Structures are given as structure tokens and as C-alpha cells.
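Engineer: This is the structure I have questions about; it appears just below.
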Amino acid sequence: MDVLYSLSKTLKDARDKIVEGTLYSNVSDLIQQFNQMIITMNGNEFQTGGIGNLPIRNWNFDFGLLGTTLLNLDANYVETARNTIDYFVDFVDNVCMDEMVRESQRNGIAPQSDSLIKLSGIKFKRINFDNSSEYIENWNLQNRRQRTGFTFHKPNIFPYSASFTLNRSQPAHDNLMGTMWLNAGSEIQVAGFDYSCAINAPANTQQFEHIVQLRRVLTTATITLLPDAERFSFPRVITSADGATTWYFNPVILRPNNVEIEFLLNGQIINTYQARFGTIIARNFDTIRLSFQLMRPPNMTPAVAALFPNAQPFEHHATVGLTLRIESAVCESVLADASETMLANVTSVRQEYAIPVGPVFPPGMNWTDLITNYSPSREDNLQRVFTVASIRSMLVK
Amino acid sequence: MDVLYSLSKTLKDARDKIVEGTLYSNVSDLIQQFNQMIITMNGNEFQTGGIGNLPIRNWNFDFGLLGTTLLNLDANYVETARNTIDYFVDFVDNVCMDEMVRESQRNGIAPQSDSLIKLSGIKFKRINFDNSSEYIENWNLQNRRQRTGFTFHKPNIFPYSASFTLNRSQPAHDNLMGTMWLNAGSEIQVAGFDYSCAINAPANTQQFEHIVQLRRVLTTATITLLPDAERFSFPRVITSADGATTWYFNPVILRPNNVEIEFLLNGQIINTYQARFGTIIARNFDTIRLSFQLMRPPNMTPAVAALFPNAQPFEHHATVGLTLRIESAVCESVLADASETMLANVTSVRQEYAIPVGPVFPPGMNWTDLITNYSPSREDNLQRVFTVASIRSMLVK
Amino acid sequence: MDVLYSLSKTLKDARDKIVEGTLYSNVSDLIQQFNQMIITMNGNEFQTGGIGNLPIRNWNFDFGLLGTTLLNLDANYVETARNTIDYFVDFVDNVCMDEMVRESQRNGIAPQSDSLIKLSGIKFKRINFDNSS
Amino acid sequence: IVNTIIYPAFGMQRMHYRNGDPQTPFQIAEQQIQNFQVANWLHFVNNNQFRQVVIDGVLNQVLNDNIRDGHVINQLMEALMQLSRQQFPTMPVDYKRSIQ
Amino acid sequence: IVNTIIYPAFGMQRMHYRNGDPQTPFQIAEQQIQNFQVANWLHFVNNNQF
């Protein structure tokens, strides 16, 4: 595997530092590494493809090396080189793709393809070099059984979930109390509604709570917390819990009272914030708990008083809400986020080549399904597959 | 300080470029640098920790050099090396953390910890090397007193502020005129409302204005400006200015008329945009001024006419708004943003080790409090502390 | 054009790897590249600006190469270097900006400015390197 | 030639060369040489097969030879040009000096 | 010099220095042993040119 990596940084730092003109002594250390490769390869035969709509191209090796003389590089030098690179590029592409589709229940963390299995061989190890690409960096640290870690802007930790829970309801759905929410990606919006505006509630206050359990712990999270859930601040006609009818939601928004956000880890409160809106830090957590209340306004101008009668019909529905967004965080497990193209690369290669659904990943590499049942096997396969996608993107975008 | 930096890039470019296989020649230049270190260290003695819940740890040095002999690298070579690296890693971590907690008013710029103060010593300067890490890059340029600069995605320049200003009000709060807004992070949403729909206003137009003063100048900002403030487009029950009662806001939205955004610098208009929605560039500014109007529709279909009577009660409240988001920008001062983990790292280390509140930073490294009173001392300490966090993240995430 | 690129990575990897205290050998491969430049340059003169409010400044080259005082650099070494870098920085800035304003319908994919058109010249190609950006 | 020359003074295969009995050791060297000049010599030399095909002045099969060679000569000029860039490292000094 | 004068009475012998032709022998002694005074000589001499 690590082998693979090199192959690229070799080519990149190659197709990059080898241009008409440059001074040799800038590539002396490089040139070498290169040749070393050709050698180890020559005399070997490979085969990629064979699955779904993926072509089966065959490869052989037999190449001359590179001069060492010349203060500076002459155009001619390049072209005779570029010609050799292009065969390796078109190669690796086919190598990546071939190992980027196969999945294995058992060792979904080990090499699969006939192409790569052959690389992990010892006789090829003589090629390793410069492992600084964030992903491989973490691939190693893990293989040695140590503490990994990645970086994500707007991580994708919440499987899509959009629903409600009626804590008080009746057939007519004319005096409901409960919560509705949308958990998706790195964001949570939750609203608590009480059609009665806590008219008969103790202390004229209705308590609400929303708990979200992450499938993986997030550390060093920078989070935006704002009052109100705009998504649930407008009139809606919603299906009843049993799907038999539809109810009407006509919200009027009040400030959430006694807001308390807790970021817990294994049941323990790691961070807690009381009514603090804006930017907050949650340093290590696997669960978020948002508690907030609707407090009936003790003093009301006529216009307000008119919205909240002592008796039904309740036509304006008191609603309080919160919005929480994880801007950035670190996770010990790979995840999709709003900036990295890994998930999209893997999903795209599989779609383009009509790769059949396998035993590990959900159909279409569906993110929600994947993160909902993020088993160890799916994670090991995802990491292998994400690391390969990152190796590929160093050369082919 | 710069010293510190090296220590890492040394290890990274180490735990990275040193592996079972590769040619000596690719690290020759490196190996050296490394050894050079061991030497300078050996003999010296250190001490980290001692504050709050932070453990106290002593470290000594007495290590062998590196075989500058071999051609290629054999597994055995690595393991005997990795064993030495791991002591430095576990070291630096403790070094960073120890200096990432102490603050200081007088000289909040220079080193604090017994650990680092000793490093700035001259006899260690024999270790600096490869300062391409964006942060250190700027740390230097600032010492030489020159033009710095960082890059940010959704920067965090606006302290949280959510409020309103009633320009026309009365006890019943049945015919108000004013603005309400939310400034937070990199976003501003502001709405201007006139319960009377400018019925008695000159030219049937009510003017609105929202001014936001940045605590630091932003340059090269890419900004999204859109009409409407969704956050203030729904029914609300709000507390009165004096907290004695609650008023009702029942908005109906009209397009903002004569929109003009000005990005000013020291009172001077640097950029001005008239009714231009979408992506706009603000190249250098310390203030944003949004001016917009509500113009009573001169022609109204019956349904519209019905919302705006000639006499009270005014039941539908005409509202116009704007939304402005700073996607990216450059600032000469460090700031929190939506992608970097610096603030979260510093805040997290302090929280984990129960570090007591100090004389410089607000309790909990609260961002809003920090940016609201972003004194020179807080900025110098923040930069020192952010630069250390970035040095640490090269090895420990 | 590619030429241009180098000029920078040269300076960056320079204003970065060249500091009070690093062992010479960590820049041996670098130092070289650098000098190579100075040479190719010295002698030729340039014109930047000459449009809108953009100032027309004239740049000329007359520099001595770089020493090699052994075993980690002494402060003095740096300062005599930084002084030379700063003239190139303030230069490139003016070079970039001058070619960052001109547009052309026909061939608006090639160099426009008198400054850059001169760089695409062959006698300069001798600089290009580390194209990883 | 191959061993006590080119390969090492040229720095390429410092693995000097191991031949048992393939099909034209002089040749194969080609497929793996990174310097065109050097590379043309190889194919031309391993060819120039004495273009064994002629029927002149009425039945005189006299295995002929390249106009090229003939007096196009260049072959020579190219044999030289390729030589003109074989001047470099590997072993003791009195070596390259003497050889080149 | 390297093998009979500096290593051999500077407790740096160990390996009476083995060299087998081409590359540069002063040079390599530079990046090997530590000592400043000794160390400056090396760079100044080695990379000294016209």
C-alpha cells in the first residue's frame, strides 16, 4: 500500500520539478529515487479491471533510464521523459480505480486487487518515499496502532433526519405540544411548540429537549449556536404520526428560555453552555443535548394577548427554537465534509464504471445510510478507499 | 520560539520521509539537520507543567546519532529511529500545552513557560529550518515589522449581537418603525419594519440603515449580498426595550428599495454597491453600512391593498431586509474562522487541564467577549497562542 | 510565464528556509538555484506600470552572489541577504500587478506587459523549478 | 564496450550488465537508455543488417548497403554527437580523464 | 589528513575512515563530526572557490 503512495508523489514531484530549463542540482536527489523505481518494476507484469464495466488493460515494463549529465535541462530531455511518465499515469489511474471498488467483509482494511496485492510484496518496498500527504500520514500512524486524526470544515456527522414528536396531541390536532427537527450534515435545527402557550403549565413554562447521538466522537469542534429555528418558523401542513391525516402548524416565535447545551462524552458532561449564542467550543463529545423552554410572556400588549386566549381554539402556536452548526472539528474516523472530494471521488468512480453493489457499502455509497450504520468494516473500507482517492487526486483531478 | 517550530517540521518531515525502503540520498540533507539537534539538546534538562491540573514532567537527553552509513533503509533502521522520535513527540506536546496556557499583560507577546524561555536562548538557535508553515511565516514578518496577512473562510469578525431599535413606538406597540438584526461571525441580517407601510411618510418611503463596525480591518473580502432577511420574516413576540412587556411582529416582506452597501475605511467609502445582489468584492474596510428603504407600493391588487389600510389597526407589518455574508477575507490580525482549529485547540487544551482564568483572556476564551474588546494584549497573546497551536497540529491532532 | 512562477517559490522557499541558525547543507540545493537567477538577471532593465493610477517605476539589477559561511548561518549572513530579497519582492509585486490589469480579446491568454513579454524570452527559461503550486 | 564504458562513465546501469545468451546483447541496451543520441546509435547499429536485397545490371545479388552510410555519412556525425555527451562520474579520476 | 591526523588523536577514530574513490572526501568529514572551530574550516575550505 504505502508503496502505491510513493508512485504518485514520485510522478507529481516529477511532472512538476522536471521542466525545460531548471538546473539539474535541484533534482539530483529526485532523479535517483525515480530510476530506482523503473528498475524494481521492469520485469513485472500486471493486470487491472475485470469487474462490471471496467476495462481489462494489461501492462509490461521495459524502460531505459535517465542521463545524469547536463548543468541545465534541454527541451529534448523532458519530452523523452514525459513520454515515460504518461504510461505510469495512465497506469496508476487504472490501479487506483481497480482497488477502489472491491470491498471485503473480512479484511476490508487489507489490499484486494491482483494489482495491489502484488505491490505489498517485499521486493517492491525499495520504492517508498516522502509520506507527507495528510492521508497517508494518518494511514501509517494507524497501522502502527496509534492516535490518528483528520480535519473537516462543516463535517458530515448527522445522518439526514427530519421528523417530529407530539408530546400532547389529540385527533383534531388543534392543541399539540412537542418538537420537530432537522439533523443533517453538520447542522441541527430544533423547535419546541406548545399550542396552548403554557396556559396550564407549571410556572407557565413548557420544557423541551433535543438529543443527538453522534456515530463517532468529534473533538476540537468550533460551533455556531443561534436562537430560533427558521426552518420551523413558518406555517405548515404536516402528515400525522400514523399517516392517516394532516395537521396545521401556524407558529409565532418567542425567545427560547433557559437554553442549555451539553456536549457529552459517554454520558458525562464535557462542555455545557447556558444561553450562550454565537461561537462556542466543544472539545470532545459523542452526544449533543439541547434543552430549552417556552415561557408564557408574563406581560403582554393587546396585540400579543390576542394571540394567546385562555380557551381554545388556539390559532397562533407558540414556538421556541435553536440552530447549531459544527463549522469545523477533528475526528479519529474518516467522514465526508463540505470541502473534501473523497466521498465524491469514490462514489463517482463506482458510478461511472457501473460497479455492482457489494457486501460492505450501501447502494450508491449513500452517506446517510453509511453514517447511520457506520460499522467497523464500513469504516476500514471507507478509510482504505478514501486514502486511495487522495493518492489519485495528487495526479488526476 | 521559531526554535520550537523547527522541532516539529523536523519530526514531521521525519516521521514522513523516513521509512522501510527509500534511498539515503532523499534524506541526506535531512538526516543531518536531525542529528544537529540531538547534539544541541543532549546534556540539557527541562521542566513542563505545574499549573492547574497539568502534570509536571521532567525530561533529559542522552541519545545516539544516526547511521549516515547505509545505502537504502532496512526495517531495523526505522524502529530504532521511531523509538527516539516518540520521546520528542510526547515531549513537544507537553511543551506546547505548557506555553499554551499562560497569559501575560505587560509582555503578552514573548515566551512564558520555563520550558520555552530556555529555548529562546542563543545556544539552541542552531536548529531553525524550513519556515513555510503559513503561521510561522507570518510570525517572522511581524518581528521584522512588515506587512503580514492570513487567509480565512467565513471569518469570525462580528461579535454576536441580536437586537432591535424602535425609531417610532408607543406603549401598545401597535404602530412601530425600526430595525432588528443579527450580527454573528461572518454574517449580518438586518430588517427594517414600518407597521404603517409608509402611509404618512414623505414620498411614501421609509429609510433604514444598519452600520457595523469591525474590530479589525478586513481586506480582499469576497461577499454574498442578498435581499431579504429570512431570520426576520416570521411572526414574533418580542420583549419591549425596557423588558416590561412584549410586542407582536407580524411581517409581510417587500423588496428592499434603493439598496446601497458601503464598505468604509476610516470614514472613507472604499467600495459602494447600489442594489447589487450576488457576489461583490470589498477590498479594504473597517465598517459596513447598509442603507435600504421600504417604499409603499404605488399600485396594489385588492389582496395587497387589504393588508395596508389608511388607518390603524395595522395588522400586517411591512418589512424589507438584507443578508450579507463574508465568505473569505484576509486580516492582518489572527481571528477565528469556520475552518481553522486554532481557537478550538487553545480553548480545548485549557478546558481539559482545568486552567484557571488568567488576566488577559475572557473566561472560557469566549469569542464574542474576545473580539468585542480585542485589545493589543489579547491579540499578541492570541497570536502567540494560535501560532503554538498550529505548531502542535503538525504532529498531534 | 512559468518563469514568473519560479521567481516566487524561489523567494518563499528562501525567506523561509534562510534563517539565523540552519545548517548550510539544508539549503545547498537551494542556494545554487538562487544565484543562478541573479546572474541571468543582472544587466537587463525593466519597466512596470504606465496605466491608470499605476506608477511607472524602473528596476535595474546589480547584485553580488551568495557566500557560504560554513556550519549554520550567522545573523550577519541573513541581513545581507534579506536586503537583496526585499528588492525582488517589491519588484514581483509590481510585475504581477502590471500584467494583472491588461486584457486582450484576440490573444488574451498570453503575456501583455512589457515586463512579462520580456520574460518569456528564451534566455530566462534557465530558472523554472518546483512546479507544485 | 558496454561494460568498461558507457553504462558506468555515463552513470546508468552501475549493475554493469549480466548476459547469458539472449538475442543480441548489444541491442537490448536500447530499450533502457535515457539519452536519445545514445539511443539512435543502438537501433541503427543493431540494424544496418547489410540490407541483403539487390538485383542489378542483370542478376547480381550483391547484398548492398545504406545510402545513409554510403556518403550520407551522418551516421558518423551522429555516432559522434552521441559521444559528445559522454563525459561524467562514478569511479576513479584517471579514468574519465583518460577515456574522454 | 582525515585518516591520520584528525580522527586518530581526536578520539574519533573508531572507523579509520573507509573511502573507495569518487564523491568528495573533505566534504563528507564535514557533515560527520561536530565541533564548531573544526566545523567552520570545513565549509570555508570545501566550498571555497574562485
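Bear in mind that the values in this text are calculations on the coordinates, not laboratory data. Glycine also receives a Cβ, built like all others from the backbone with ideal geometry; neighbour counts cover every protein chain displayed.
Engineer: Which one, A:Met180, A:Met41, A:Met365, has the greatest fluctuation when you compute a Gaussian network model over chain A with C-alpha springs under 10 angstrom?
Structural biologist: Between A:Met180, A:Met41, A:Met365, it is A:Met41 that shows the largest mean-square fluctuation.
Engineer: To continue, here is another question. Select from chain A the helices, each a whole stretch of DSSP H, whose alpha-carbon atoms run 20 Å or more along the helix axis and whose Kyte-Doolittle mean is at least -1.0; answer none if there are none.
Structural biologist: Span-like helices here: A:2-17, A:28-41, A:75-99, A:376-392.
Engineer: I've got another one for you. Over the Cα atoms of the protein assembly as shown, what Rg and Dmax result, in angstrom?
Structural biologist: In Å, with Rg to one decimal and Dmax whole: 35.6, 128.
Engineer: Binning at 10 Å from 0, report for chain D what percent of all alpha-carbon pair distances ends up in each bin.
Structural biologist: Once binned at 10 Å, the Cα pair distances of chain D give 13, 37, 28, 15, 6, 1.
Engineer: Return the distance in nm (one decimal) between the two label points of a simple spin-label model at C:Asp2 and C:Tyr87, each offset 7 Å from Cα along Cα→Cβ.
Structural biologist: 2.9
Engineer: Okay, moving on. Just to confirm a number: summing +1 for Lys and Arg and -1 for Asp and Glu over residues other than B:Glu137 whose beta-carbon lies under 13 angstrom from that of B:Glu137, what do you get?
Structural biologist: Every neighbour counted, the sum reads +1.
Engineer: Working from the pairwise distances between different alpha carbons, so that the mean of 1/r is found and then inverted, what is chain E's Kirkwood radius in Å?
Structural biologist: 11.7
Engineer: Determine which residues of region E:8-50 fall in the zone a paramagnetic label at B:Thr69 would reach in this model, i.e. backbone nitrogen under 19 Å from the point 7 Å along Cα→Cβ.
Structural biologist: Counting only backbone N, you get E:8, E:11-21, E:28-34.
Engineer: In angstroms, what radius of gyration and Dmax does region B:113-216 have, counting Cα atoms only?
Structural biologist: In Å, with Rg to one decimal and Dmax whole: 25.6, 79.
Engineer: With an 8 Å cut-off on Cα pairs and a minimum separation of 6 or more residues, tell me the relative contact order of region A:159-328 in percent.
Structural biologist: Across region A:159-328, relative contact order equals 32 percent.
Engineer: Also: Which order do peptides B:296-309, A:150-163 fall in by mean Cβ count within 10 Å, highest first? Mind showing how you got there, number by number?
Structural biologist: On the way: B:296-309: 11.9, A:150-163: 19.3.
Top of the packing list down: A:150-163, B:296-309.
Engineer: For chain D, what relative contact order do you get, as a whole percent, if you take Cα pairs closer than 8 Å and at least 6 residues apart?
Structural biologist: 29
Engineer: Which whole-Hz couplings ³J(HN,Hα) result when phi for each residue of region B:255-270 is put into the Karplus expression 6.51 cos²θ - 1.76 cosθ + 1.60, θ = phi - 60°, listed in order with x for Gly and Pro?
Structural biologist: Each residue of region B:255-270 in turn: 5, x, 9, 6, 5, 9, 10, 10, 10, 10, 9, 6, x, 9, 6, 9 Hz.
Engineer: Using a basic spin-label model with each label point 7 Å from the Cα along Cα→Cβ, how many nm lie between A:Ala306 and A:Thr245?
Structural biologist: 2.9
Engineer: Can you classify region B:159-328 as rounded, prolate or oblate using the Cα gyration tensor, where a ≥ b ≥ c are the square roots of its eigenvalues, rounded means a/c under 1.5, and otherwise it's prolate if a/b beats b/c and oblate if not?
Structural biologist: Because a/c hits 1.5 or more and a/b exceeds b/c, region B:159-328 counts as prolate.
Engineer: Mean 1/r over all different Cα pairs, inverted: what Kirkwood radius does region A:335-397 give, in Å?
Structural biologist: Numbers: mean 1/r = 0.0826 Å⁻¹.
Taking every pair of different Cα atoms in region A:335-397, averaging 1/r and inverting gives 12.1 Å.
Engineer: Calculate how large, on average over all directions, the projected area of the Cα convex hull of chain A is; give the answer in nm² to one decimal.
Structural biologist: Orientation-averaged projected area of the Cα hull: 25.7 nm².
Engineer: Across peptide B:128-141, how many C-beta atoms of other chains are within 10 Å of each residue C-beta, on average?
Structural biologist: 4
Engineer: Between D:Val45 and A:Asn42, what FRET efficiency follows from the Cβ-Cβ distance if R0 is 22 Å, with the result rounded to 0.05?
Structural biologist: 0.45
Engineer: Using the Cα atoms of region A:15-115, I'd like the radius of gyration and the largest Cα-Cα distance, Dmax, both in angstrom.
Structural biologist: Using the Cα atoms of region A:15-115, the pair Rg, Dmax is 17.2, 54 Å.
Engineer: Could you work out the relative contact order of chain C, using alpha carbon pairs under 8 angstrom and six or more residues apart, expressed as a whole percent? List each step's numbers first, then the result.
Structural biologist: Details: 128 pairs, mean separation 49.9, N = 133.
The normalised contact order for chain C reaches 38 percent.
Engineer: Using +1 on the beta carbon of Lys and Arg, -1 on that of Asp and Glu, and nothing else charged, what's the dipole of the protein assembly as shown about the Cα centre, debye to 20?
Structural biologist: 560
Engineer: Further question on the same structure: Output ³J(HN,Hα) for region A:323-335: one whole-Hz value per residue in order, computed from phi by the Karplus curve 6.51 cos²θ - 1.76 cosθ + 1.60 with θ = phi - 60°, and x for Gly and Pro.
Structural biologist: These are the phi-based 3J(HN,Hα) values: 10, 10, 10, 8, 5, 8, 6, 10, 9, 6, 10, 5, 8 Hz.
Engineer: From the phi of every residue in region C:109-120, what ³J(HN,Hα) in whole Hz does the Karplus formula 6.51 cos²θ - 1.76 cosθ + 1.60 yield, where θ is phi - 60° and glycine or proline is x?
Structural biologist: Working through the residues one at a time gives 10, 10, x, 10, 4, 4, 5, 6, 2, 5, 6, 4 Hz.
Engineer: Among the DSSP beta bridges whose two residues both lie in region B:159-328, what percent are antiparallel, rounded to the nearest 5?
Structural biologist: 95
Engineer: With each label point set 7 Å from Cα along the Cα-Cβ vector, what nm distance links C:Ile109 and B:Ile56?
Structural biologist: 7.0
Engineer: Further question on the same structure: Check which residues have an amide H placed less than 5 Å from B:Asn167's amide H, if you skip close sequence neighbours.
Structural biologist: Sorted by chain and number, the residues that satisfy this are B:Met177, B:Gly178, B:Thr179.
Engineer: Take A:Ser25, project a point 7 Å from its Cα along the Cβ direction, then tell me which residues of region B:4-41 have their backbone nitrogen under 15 Å from it.
Structural biologist: From region B:4-41, the list is B:29.
Engineer: Next up: Work out the mean other chain Cβ neighbour count within 10 Å for the residues of B:239-245 and drop it here as an integer.
Structural biologist: 2
Engineer: Which value, to two decimals, describes the C-alpha radius of gyration of region A:98-168 once divided by 2.2 N^0.38 Å?
Structural biologist: This ratio for region A:98-168 stands at 1.73.
Engineer: Just to verify a number: FRET efficiency for D:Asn66 and D:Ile1, C-beta to C-beta distance, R0 = 22 Å, to 0.05?
Structural biologist: E(calc), rounded to 0.05, equals 0.55.
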